[PDB]
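Participant: As given, the protein sequences belong to chains F and A, one line each in that order. So the first sequence is residues 579 to 585, 610 to 626, counted in the entry's author numbering. So the second sequence is residues 579, 608 to 675, counted in the entry's author numbering.
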Amino acid sequence: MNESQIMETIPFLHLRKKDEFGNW
Amino acid sequence: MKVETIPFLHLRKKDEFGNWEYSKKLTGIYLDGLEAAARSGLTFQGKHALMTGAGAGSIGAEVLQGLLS
Numbered sequence: 579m580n581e582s583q584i585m610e611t612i613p614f615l616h617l618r619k620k621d622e623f624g625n626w
Numbered sequence: 579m608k609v610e611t612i613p614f615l616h617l618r619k620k621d622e623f624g625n626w627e628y629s630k631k632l633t634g635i636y637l638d639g640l641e642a643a644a645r646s647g648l649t650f651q652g653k654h655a656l657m658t659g660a661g662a663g664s665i666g667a668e669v670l671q672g673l674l675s
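1. Determine the extent of the beta strand (DSSP E) in which residue 630 (chain A) is found, giving its start and end residues.
2. Does any CB atom of chain F fall closer than 7 Å to the CB of residue 627 (chain A)?
3. Within 7 Å (strictly less), CB to CB, does residue 622 (chain F) reach chain A?
4. Would you grab the beta carbon distance between residue 617 (chain A) and residue 629 (chain A) for me? Rounded to a whole angstrom, and I think it's under 8 Å.
5. Taking residue 585 (chain F) as the reference, which of A:670, A:621, A:671 has the closest Cα?
6. With respect to the beta strand (DSSP E) encompassing residue 618 (chain A), which residues constitute its N-terminal and C-terminal limits?
7. Between which two residues does the alpha helix (DSSP H) carrying residue 673 (chain A) extend?
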């Protein structure tokens with residue numbers, strides 16, 4: 579909801619899934 | 579290394623990873639004018655605007671009267 583206040611690797615080839623907040 | 611809420615009406619900004627995340631900075635600067643409007647109003651003097659879809663009884667219809675005032 580607010581990443582701004584709060585705050610190895612990624613494949614090259616990866617799948618994704620959707621968040622409650624439709625995010626891949 | 608406090609309860610908070612989201613403003614029903616907020617702007618956003620894009621992350622490095624093109625994400626539209628809630629930006630209080632903007633949501634503020636907007637909502638502020640949005641309030642300033644409800645108070646002392648808001649002028650469009652001198653402005654020219656084109657509007658399509660301003661049918662009778664539509665959102666456009668209202669926005670029209672807006673700019674017309």
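A virtual CB, placed ideally from N, CA and C, is assigned to each residue, including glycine.
Facilitator: Looking at the coordinates:
1. Taken as a continuous stretch (DSSP letters only), residue 630 (chain A) belongs to no beta strand (DSSP E), being part of the alpha helix (DSSP H) at 630-646.
2. yes
3. no
4. 6 Å
5. A:621
6. Boundaries of the beta strand (DSSP E) around residue 618 (chain A): 618-620.
7. 665-674
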